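Chains as they are written, first to last, in the entry's author numbering: chain C, 59 to 135; chain A, 59 to 134; chain G, 59 to 135; chain E, 59 to 134; chain D, 24 to 95; chain H, 23 to 95; chain F, 24 to 95; chain B, 23 to 95.
Where is the CB? At the ideal position from N, CA and C, for every residue including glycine.
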Amino acid sequence: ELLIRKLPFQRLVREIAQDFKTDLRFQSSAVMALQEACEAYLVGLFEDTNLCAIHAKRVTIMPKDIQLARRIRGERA
Amino acid sequence: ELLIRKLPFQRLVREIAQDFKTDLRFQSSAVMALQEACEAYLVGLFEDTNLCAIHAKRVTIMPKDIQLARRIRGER
Amino acid sequence: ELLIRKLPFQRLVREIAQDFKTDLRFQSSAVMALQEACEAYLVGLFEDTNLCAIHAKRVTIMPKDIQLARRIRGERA
Amino acid sequence: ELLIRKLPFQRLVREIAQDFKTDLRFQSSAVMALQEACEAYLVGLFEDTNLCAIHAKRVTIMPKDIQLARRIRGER
Amino acid sequence: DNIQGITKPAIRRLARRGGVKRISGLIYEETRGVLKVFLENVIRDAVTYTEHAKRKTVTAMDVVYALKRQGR
Amino acid sequence: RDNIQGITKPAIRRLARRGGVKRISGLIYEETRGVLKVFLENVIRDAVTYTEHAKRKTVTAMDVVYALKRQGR
Amino acid sequence: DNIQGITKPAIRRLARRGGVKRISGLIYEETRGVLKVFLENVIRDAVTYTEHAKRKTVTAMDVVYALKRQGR
Amino acid sequence: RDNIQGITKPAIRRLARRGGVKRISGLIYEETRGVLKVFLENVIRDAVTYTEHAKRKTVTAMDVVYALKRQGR
DNA sequence: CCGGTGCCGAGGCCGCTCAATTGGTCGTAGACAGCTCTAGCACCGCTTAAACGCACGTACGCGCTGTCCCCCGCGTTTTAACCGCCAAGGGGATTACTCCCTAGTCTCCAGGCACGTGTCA
DNA sequence: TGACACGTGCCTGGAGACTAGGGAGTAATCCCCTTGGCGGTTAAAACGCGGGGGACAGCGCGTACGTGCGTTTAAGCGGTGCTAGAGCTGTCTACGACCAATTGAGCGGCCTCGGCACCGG
Numbered sequence: 059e060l061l062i063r064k065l066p067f068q069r070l071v072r073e074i075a076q077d078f079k080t081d082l083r084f085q086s087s088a089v090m091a092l093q094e095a096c097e098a099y100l101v102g103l104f105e106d107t108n109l110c111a112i113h114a115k116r117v118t119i120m121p122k123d124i125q126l127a128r129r130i131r132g133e134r135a
Numbered sequence: 059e060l061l062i063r064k065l066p067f068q069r070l071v072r073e074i075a076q077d078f079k080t081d082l083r084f085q086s087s088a089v090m091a092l093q094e095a096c097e098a099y100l101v102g103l104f105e106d107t108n109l110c111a112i113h114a115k116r117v118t119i120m121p122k123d124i125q126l127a128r129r130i131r132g133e134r
Numbered sequence: 059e060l061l062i063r064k065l066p067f068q069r070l071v072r073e074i075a076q077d078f079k080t081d082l083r084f085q086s087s088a089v090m091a092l093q094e095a096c097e098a099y100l101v102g103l104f105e106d107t108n109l110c111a112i113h114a115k116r117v118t119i120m121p122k123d124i125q126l127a128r129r130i131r132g133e134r135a
Numbered sequence: 059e060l061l062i063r064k065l066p067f068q069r070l071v072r073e074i075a076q077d078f079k080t081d082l083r084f085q086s087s088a089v090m091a092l093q094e095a096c097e098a099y100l101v102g103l104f105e106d107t108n109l110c111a112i113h114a115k116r117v118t119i120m121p122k123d124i125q126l127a128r129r130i131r132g133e134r
Numbered sequence: 024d025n026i027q028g029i030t031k032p033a034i035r036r037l038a039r040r041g042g043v044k045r046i047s048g049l050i051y052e053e054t055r056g057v058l059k060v061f062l063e064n065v066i067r068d069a070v071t072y073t074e075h076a077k078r079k080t081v082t083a084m085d086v087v088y089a090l091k092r093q094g095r
Numbered sequence: 023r024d025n026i027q028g029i030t031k032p033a034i035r036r037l038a039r040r041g042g043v044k045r046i047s048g049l050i051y052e053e054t055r056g057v058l059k060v061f062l063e064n065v066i067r068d069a070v071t072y073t074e075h076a077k078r079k080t081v082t083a084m085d086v087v088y089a090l091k092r093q094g095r
Numbered sequence: 024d025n026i027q028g029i030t031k032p033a034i035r036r037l038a039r040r041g042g043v044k045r046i047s048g049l050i051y052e053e054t055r056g057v058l059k060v061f062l063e064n065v066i067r068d069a070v071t072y073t074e075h076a077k078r079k080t081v082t083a084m085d086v087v088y089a090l091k092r093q094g095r
Numbered sequence: 023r024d025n026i027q028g029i030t031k032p033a034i035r036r037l038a039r040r041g042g043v044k045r046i047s048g049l050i051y052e053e054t055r056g057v058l059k060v061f062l063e064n065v066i067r068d069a070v071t072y073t074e075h076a077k078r079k080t081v082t083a084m085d086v087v088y089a090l091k092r093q094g095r
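Pasting the structure below:
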């Protein structure tokens with residue numbers, strides 16, 4: 059299932075697109091495809107953040123956990 | 059300069075190769091290339107382990123730090 | 059006696075290769091080698107799929123059968 | 059942690075070895091290595107059997123499930 | 024507030040699926056920034072492909088190909 | 023028509039018959055195509071890599087055998 | 024004989040670690056047969072390496088080499 | 023001594039110093055050696071594969087670059 | 001030279017789901033000191049580094065033969081796709097039949113650990 | 001030649017086998033709706049004959065590019081001992097931010113109508 063709501067996600071995708079290209083069209087199956095990928099990416103990122111929290115013998119994830127996880131993965135920020 | 063000793067590193071490389079295929083001889087520039095890659099990889103791994111150590115309010119890296127760094131990149 | 063049609067399989071192989079490297083030529087015996095391997099792979103996968111169908115007392119194979127076979131073999135699924 | 063007791067595991071390993079070769083012995087760290095591998099293998103095999111059980115209209119794993127799992131893996 | 028449509032309980036639910044037991048209040052702003060970067064990058068490539076093919080229509084396959092090549 | 027569609031429905035059925043399958047659900051065909059594509063992509067990616075290492079422009083039969091080995095036959 | 028030394032509760036414990044919810048009574052005898060085969064194969068290779076090196080003491084590395092070629 | 027022992031403790035320390043760490047636990051050294059071995063095994067396995075494809079008996083610099091690329095990602 | 005189709009854009013109405021309030025409180029931030037431990041100094045031994053030397057294993061480059069890939073006319077050609085009737089079955093609910101998982105009890109024992117001893121790296 | 005694993009003793013709670021017992025979870029059974037299988041068929045994309053080129057792999061050979069042996073050695077570097085300095089943790093006290101129960105309020109969703117491009121037959 060899609061844990062993120064469909065309609066606000068679609069609006070965001072269209073919002074981001076307006077800055078790259080004016081009035082560009084989309085497809086319905088394209089947004090659903092992007093969302094499955096997006097949710098998998100965020101869930102995976104949350105997995106790594108949790109690993110960082112556990113490494114510090116804590117159970118609460120903090121901003122520093124997200125930043126550590128993305129830096130070691132090689133994600134530029 | 060390469061931080062790993064050249065001759066022992068070369069000996070190790072030849073030992074591992076002998077099990078995959080016997081009697082192979084390595085080109086010199088091939089071993090130096092392999093060594094540069096290895097040292098770059100280890101240095102990068104040491105950067106990430108240190109970030110994990112500092113994250114945990116420590117300054118000394120430990121085996122659990124190395125294992126975390128390799129796990130989040132997707133090595134193991 | 060290959061079970062997949064020769065010409066469409068060859069066409070598919072060339073299409074995928076163009077995205078890895080453009081302007082490549084395929085040897086005939088290379089495509090025949092690749093096709094023998096592919097058909098053996100699919101037949102073998104269908105053998106395991108059939109075993110999964112019989113396991114569930116269903117004479118008809120279904121997508122869940124293919125997905126189970128590939129997961130137990132160790133293929134990314 | 060090891061899930062099978064050392065001494066019964068050791069007896070089985072020694073029993074099988076006695077049939078393969080006369081009077082061969084094993085190092086302590088060798089048996090612990092074999093046991094970690096063995097426990098990982100059984101856990102993995104139990105994962106696949108359970109997956110096979112769930113595929114069928116049941117949640118209880120049966121002898122026929124393991125044999126199907128091992129057949130599709132290419133073992134037996 | 025279209026960025027605000029990714030609500031706090033939704034992000035918490037995503038984290039639960041990721042195995043998270045406790046969630047700091049500061050996570051939400053941080054996650055939103057991370058999400059925005061991801062979307063920008065993928066869409067930037069997706070639109071590039073559309074323009075290269077002279078089609079002007081984003082296809083589902085274009086996004087899937089963009090996503091695949093992003094992970095590499 | 024699309025080139026993935028050349029792996030026709032009767033061809034996939036024949037492969038399943040050779041695999042011992044007697045009846046085939048309608049959803050198998052799309053599933054089989056996806057599986058095939060993933061397999062092909064992986065093999066060809068390695069195959070083309072071998073071709074480039076040999077500084078050739080024609081992928082050889084030998085290229086495929088090494089590609090297949092590193093995939094696992 | 025030796026397979027009967029391995030306890031019924033241990034195999035149940037293994038299934039819990041494998042994420043198994045319930046266990047049929049007939050699994051245990053079946054599991055024992057499967058286990059014996061695995062060990063034989065691994066040990067057969069291990070002893071082969073020992074004999075190739077003309078040694079009489081099985082080393083930890085011997086098992087690891089046997090294990091690698093079995094898993095591969 | 024064993025050839026794995028030739029990556030000496032001061033060598034591993036130097037690699038760690040370049041990695042920005044100030045202090046190194048005693049257990050790091052054995053851990054680092056294991057990690058290196060796994061990496062090396064994988065690369066060399068691919069490297070030797072390339073050598074056989076080219077019908078050569080000498081692993082060349084070009085063999086390593088292809089091995090590294092497929093393991094680099 | 002016009003067309004069926006996918007699209008936004010909105011609406012009508014139900015409809016689950018938010019932010020905010022308030023409270024209970026689990027977990028996280030300094031930290032003092034016991035504890036490990038390790039970074040560094042100082043020898044001392046030693047194994048890397050190197051330069052010939054010589055011997056040659058063979059990789060790279062280049063040219064020649066082949067041969068097989070690409071192309072396509074284009075001819076013929078076994079057949080894939082579609083419609084439709086027919087019959088096998090997936091399955092959901094029904095219901096009989098458990099043995100599988102718990103507790104209690106009695107028994108077997110895994111391992112520290114210690115001592116004595118044969119054997120090969 | 002000395003260190004390692006083999007063999008046995010003491011024991012005690014941890015762990016392992018029956019013996020009742022409730023029951024969630026197996027296994028036949030019917031009807032139905034779905035839904036592939038199979039029969040017709042015809043246009044068609046695949047199979048193929050063959051000229052035609054010709055780009056390009058496969059093969060042979062010269063040679064120099066370089067790997068292996070190995071041999072000494074002066075020398076920078078690793079190993080080991082020891083030390084004094086710094087860092088890894090528990091339980092101290094506390095707090096505040098993170099958890100949840102409750103209530104308007106609003107946006108998510110189902111179903112549908114009206115208008116605009118748009119690649120296209």
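Mind checking which residues open and close the alpha helix (DSSP H) that includes residue i?
i	result
residue 125 (chain A)	121-131
residue 85 (chain D)	83-94
Taking only three categories from DSSP, how would you classify residue i?
i	result
residue 29 (chain H)	coil
residue 55 (chain F)	helix
residue 62 (chain G)	coil
residue 23 (chain B)	coil
residue 35 (chain D)	helix
residue 134 (chain C)	coil
residue 45 (chain D)	strand
Please compile the residues from chain E whose C-beta is within a distance smaller than 8 Å of the C-beta of residue i.
i	result
residue 36 (chain F)	61
residue 119 (chain G)	By Cβ distance, chain E contributes nothing, its closest Cβ being about 12 Å from residue 119 (chain G), past 8 Å.
Determine the burial state of residue i: buried for a count of at least 16 other Cβ atoms within 10 Å of its Cβ, exposed for fewer.
i	result
residue 98 (chain C)	exposed
residue 84 (chain D)	exposed
residue 78 (chain D)	exposed
residue 59 (chain E)	exposed
residue 48 (chain B)	exposed
residue 84 (chain G)	buried
residue 135 (chain C)	exposed
residue 113 (chain A)	buried
Residue i touches chain B at which residues, Cβ-Cβ below 8 Å?
i	result
residue 76 (chain H)	75 and 76
Using the beta-carbon of each residue, which ones in chain C are nearer than 7 Å to residue i?
i	result
residue 130 (chain A)	106, 109, 127, 130 and 131
What residues from chain C crowd round residue i, counting only those whose CB sits closer than 9 Å?
i	result
residue 95 (chain D)	Near residue 95 (chain D) there are no residues of chain C at all, since even the closest Cβ is about 11 Å away, more than 9 Å.
residue 64 (chain A)	By Cβ distance, chain C contributes nothing, its closest Cβ being about 29 Å from residue 64 (chain A), past 9 Å.
By the criterion of Cβ-Cβ separation under 7 Å, what are the contact partners of residue i in chain A?
i	result
residue 92 (chain B)	Under the 7 Å cutoff, chain A gives no residues; its nearest Cβ is about 13 Å from residue 92 (chain B).
What does residue i reach in chain G if we use C-beta pairs closer than 7 Å?
i	result
residue 114 (chain E)	113 and 114
residue 44 (chain H)	117
Taking residue i as the query, report the chain D residues whose CB atoms sit under 7 Å from its CB, ordered along the chain.
i	result
residue 79 (chain C)	70
Closer than 8 Å by beta-carbon distance: list the chain G residues that pair up with residue i, in chain order.
i	result
residue 79 (chain H)	81, 82 and 83
Report whether the distance from the Cβ of residue i to the nearest heavy atom of the ligand GTP is below 7 Å.
i	result
residue 83 (chain E)	This structure does not include the ligand GTP; it has no bound ligands of any sort.
Below 9 Å on C-beta distance, what does residue i contact in chain H?
i	result
residue 19 (chain B)	This structure gives no information on residue 19 (chain B), because the portion of chain B shown stretches from 23 to 95.
Exercise for the section: Pick out the complete alpha helix (DSSP H) segments inside the stretch 66-129 of chain G, 4 residues or longer, and give them in chain order. Expected result: Counting whole runs of 4 or more residues, the stretch 66-129 of chain G contains the alpha helix (DSSP H) stretches 86-113.
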